[PDB]
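See below for the structure under consideration.
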Amino acid sequence: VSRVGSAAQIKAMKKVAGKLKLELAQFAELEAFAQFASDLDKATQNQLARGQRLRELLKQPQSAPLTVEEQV
Amino acid sequence: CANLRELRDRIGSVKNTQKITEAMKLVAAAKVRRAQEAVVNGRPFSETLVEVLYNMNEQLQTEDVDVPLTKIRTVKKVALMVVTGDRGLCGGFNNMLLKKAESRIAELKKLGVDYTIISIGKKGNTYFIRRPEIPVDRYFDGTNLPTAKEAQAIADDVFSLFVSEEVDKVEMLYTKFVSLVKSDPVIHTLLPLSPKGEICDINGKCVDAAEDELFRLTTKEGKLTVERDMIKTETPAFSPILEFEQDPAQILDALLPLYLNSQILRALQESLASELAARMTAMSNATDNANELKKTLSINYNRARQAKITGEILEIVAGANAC
Amino acid sequence: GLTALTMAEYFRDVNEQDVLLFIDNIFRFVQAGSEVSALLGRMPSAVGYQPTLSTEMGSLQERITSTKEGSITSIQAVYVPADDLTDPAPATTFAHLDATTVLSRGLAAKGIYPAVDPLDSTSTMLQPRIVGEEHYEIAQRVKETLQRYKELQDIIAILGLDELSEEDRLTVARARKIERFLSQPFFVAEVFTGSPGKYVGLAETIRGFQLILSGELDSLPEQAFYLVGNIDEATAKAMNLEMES
Amino acid sequence: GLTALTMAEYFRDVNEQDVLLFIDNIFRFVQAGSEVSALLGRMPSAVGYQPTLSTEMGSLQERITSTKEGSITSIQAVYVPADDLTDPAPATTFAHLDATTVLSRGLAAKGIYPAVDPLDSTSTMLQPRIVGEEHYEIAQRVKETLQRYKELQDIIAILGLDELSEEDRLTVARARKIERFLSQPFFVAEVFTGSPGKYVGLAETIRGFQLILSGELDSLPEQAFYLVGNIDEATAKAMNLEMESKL
Amino acid sequence: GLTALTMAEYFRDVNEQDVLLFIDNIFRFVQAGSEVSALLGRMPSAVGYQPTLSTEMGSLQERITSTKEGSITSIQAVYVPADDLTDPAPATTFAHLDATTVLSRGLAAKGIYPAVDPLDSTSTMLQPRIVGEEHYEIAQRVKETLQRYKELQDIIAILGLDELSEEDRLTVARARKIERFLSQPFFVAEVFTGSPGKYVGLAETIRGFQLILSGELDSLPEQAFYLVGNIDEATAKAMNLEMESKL
């Protein structure tokens, strides 16, 4: 966590980064917990696939930084 | 040392627990495989049976004045029965099965049927005998293997229960084996038997006969899982002549109890496989969880050992000088 | 710490106001004592601190007393070092303090803010004559629920949740609902994350806890109460949750 | 401790009679040594006792030996501090002590008095040529059964009592009956139990343990073995208990 | 330790050659440092190793660096005490170590010499920009295959190779071929068995492991891969077994 919070981010990135953090919260729950049996809510069809795509998007190549607009 | 020693005890006990639940996982896997092998052994008989039943219903166009096992003319007194597994910790098996049981007996008391209930697992009958509000009697048990004599005892009791028209519409709650993680307990009608052979469900996925399900355990990328085989047994319709030594009615009256017994033994075999796989996935979850617990407890024990020894050395060195 | 105390003491003892002083990290006072009295020549003590870790901090705590003129509602964010309460510098703090709340790191690791541990946080004011019988009985019931949860934590360890019988499963679900509901989007944590702050009064939270502990809100999933204020707003959050699907 | 030792040493040098000395809380004879040694300038040893723990403890506990004019049997009641079995003050006494009887708080937790550990309470006199072959074999079977119970404690604790083996379930029931039956109603502890004290020799309890662990009387209720003087008393207690159960 | 360091440092800085430096257990060096510091009387640090632990063992292990004359690459045994990488001495060592390869007792008892565990052995130099993209890819795929094999070693005990899916039965077979291909006959094992021994550079093992894991050699017998060097010699062993298969 960052105690300076979303005050330090850009006015551009703040909305989309808040949405992304909430997306990762949802995915972290749905992966760390149940829905291995198909389910009532039946993930991989609502949030699990997109959360896996997001988390495997978060990985950078070794020492290849992304610019501001690129990462936005 | 009563602080580190307690944590050494917990480390040893959790390691022994992980070993024991790993042994139980492998034992339950071997048991599931041997039950699957018993089903594969029993499949030729059931194949030839769902071919012969089609043969008989092809000769006679369901023209029959016989077969007490097809008295379908009312819904008076259903006899729901549950095949349950007899083990401890049983994954999440017993609660699921008797939950479906309680839902369906409530829905039956809606209709005013005076449902009598047959229990098949000792875990089941132990749950059932505590509460007599549900009308329950005649509980039996076959464990670790559905033996032909025990399935025949079940067949005898349910057939003698149907020979009186006191009991009709005998549907059963056998837990079919869909998936390794969780296997939902389905409810199928048994005894009216639908003399075309097709054993049908709770009205919405009801099965045509000779379209059989034979579950096969193969490993995926890497894990254990079950994959179904929806093999359709081809039927040579009739022998070139097909003489009868009996009448067309007596042959069906002597054949449909045989298919009833076959279906009862299948609903014990697949129930036993599903129970042992629930226990096996409980053992796998428990072993991996105890592995996580052993790692975290070892980390706590290591920082506790360092803290203890460092505090000891600070005591000793600081008390050495005493300037 | 002493100069904060004297500043508040002049406004309590003389001008007679209900002074509040929020001495932040009073552990740092004891650690500064450790520094100086390691360098002052005085002999070392328990694990590292000064020998007078129960008389210098005694002098700090004992001057904060509600005298007959005014009262000093002091808050002291004492800081356990290395996350173990058995440390002497907050151990001597436990004896002096009377509304102790322990912010365990477990609940903040799980995401439930504030991370006030519900078992360990106690008070001298949790008394029948002080708070009324209803508040007392509800506090006792929620403490019982969370304690039974923490006592069968050793069983929702290695085995699974489904090993429990029906009553254990229900009290676990109730404990999860309660432990979630004990979170609140603060009015000052708006900078980090979360919704704008919801001020919750005692007369509103006591009703929500009556509701949850009466089992009447079983239809709701756990994520309904997580980071919500009042329980009517919690039910509205669950309704919108099912609408959004 | 040395005053008591001098009285015993006189009764073993002059009167030539086998004097039985009792020392209790011999751990205090090391704690006082610690409290004076810290002051005496002698540096501190491990966890906080004196440096001369071994020499002082031996200087006491070596004078107690049968010395060809008599036999000083002594029973020291060591105080294992806070159940620190590894603490030096009992750890050096375990070297000097013949028939150690490690009483355990975990076994007084469930009320089994005396809370002597059946496992750890061991003696240099449990050799067969010294004790009797029947005595040795029954002690071996009892101690092995209790070791089996301790190793199955974790399986019992988590995975359900029934899910272990069925013969091992027989062993668990036998171990439960044993670890209750080895409880004695003392005469001096009649005030804490409320039951009158019962004295039992070695032969009666030997014959009791035989039939208890042999599976022959494995049908009695468990509380009929707990706080019972003898095996016939246990059989009568089972009658009383089963009668007051229905009545 | 420092004597070995300078006796190898003169080698590198006079002859410009890749010098090796085998230290026996660094924890034994750190233990000696602890003894010498406790003897000097300087106040002991955490668990009991010396205060100047990091600086001392850094002076030992920082002179091991590839200077522009020639590398002095070393190999250091490490004996963790009570098997925890947390305590300072293995911690301040693993802060230095650049490649850690554990020798496995089960592998030794099987006879897969060298007994280096293929799965748990890790190196910070495995990364692609260091080794080569092909080396990193084939190494990651070999480690994932051996992980698949350690997973399915639980289940081929119960199901058997033909019962489970033929999709990863090829994975089990290729993992057998990999675990056998890893065993190299050394230039020293000749004195024990007379096997002549093969030296394998990186290029040969890279191409051979790509040929094994890609799947060209799906029909070669497993024991044709055991105790062999390059991939061409492995195919020579296989065709040798084929030529003797007639008799």
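Don't overthink the numbers, they just go from 1 along the chain as shown.
Each residue, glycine too, has its Cβ placed from N, Cα and C.
Residues or ranges marked as active site by Swiss-Prot on the basis of experimental evidence: B:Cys90. Here Swiss-Prot flags B:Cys200-B:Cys206 as disulfide bond.
Positions of the features from Swiss-Prot, shown on the structure.
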residue  : record         : DSSP (3 states)
B:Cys90  : active site    : coil
B:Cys200 : disulfide bond : coil
B:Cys206 : disulfide bond : coil
Distance, B:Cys206 (disulfide bond) to B:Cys90 (active site) (CA atoms, angstrom): 28
Least Cβ-crowded entry, counting other Cβ within 10 Å, from the recorded positions listed as B:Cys90, B:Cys200, B:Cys206: B:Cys206
